[PDB]
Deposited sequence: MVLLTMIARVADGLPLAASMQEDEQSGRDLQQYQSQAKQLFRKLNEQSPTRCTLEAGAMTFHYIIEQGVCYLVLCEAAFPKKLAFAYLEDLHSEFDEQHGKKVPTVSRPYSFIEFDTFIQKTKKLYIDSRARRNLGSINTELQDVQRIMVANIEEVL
């Protein structure tokens, strides 16, 4: 019930915002970028991938992909609610500038809202498709 969260433009896979804390990240970050590369305009808008002890969850809105990784034991019900909170905030704040930027991580300052929202889901006190990721890759 952990972390990895990325927001990327579906067209070219251009990263827009992310958030990662360790104290590996190297392997599942590649897989995350492999998925951004494969996603196109015929991809399922909401999907879940299985990667052994891990599990990817993503949605797609306005050509923008909201990917999250966690241990498979993390509730898939909560994973999509976490991405929905990110989408509505991101589209409201930067949805009209996304198809114009070209730099990687042109919205690093979205780091703040990701992590303050991230903690509202990784604490039990605070209170679709499925396919093996090795296939799509």
{"query": "Gaps in the model (deposited sequence, numbered from 1)", "finding": "24-28, 133-147"}
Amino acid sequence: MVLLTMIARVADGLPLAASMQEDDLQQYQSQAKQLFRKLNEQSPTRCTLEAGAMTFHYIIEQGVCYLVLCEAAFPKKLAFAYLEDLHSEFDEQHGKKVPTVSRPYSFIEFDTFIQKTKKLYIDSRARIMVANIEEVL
From here on, numbers count along this sequence of modelled residues.
query	finding
Cross-entry absence of residue 9, a third or more of other PDB entries	no
Other PDB entries, at least a third, lacking residue 126	yes
Higher-B stretch (mean Cα B-factor, as the entry records it), 107-115 or 73-81	73-81
Greater mean Cα temperature factor according to the PDB record, 38-46 or 51-59	51-59
Modelled-residue ranking by C-alpha temperature factor, third containing residue 17	lowest
Chain-relative CA temperature factor third for residue 8	lowest
Third of chain Cα B-factors occupied by residue 90	middle
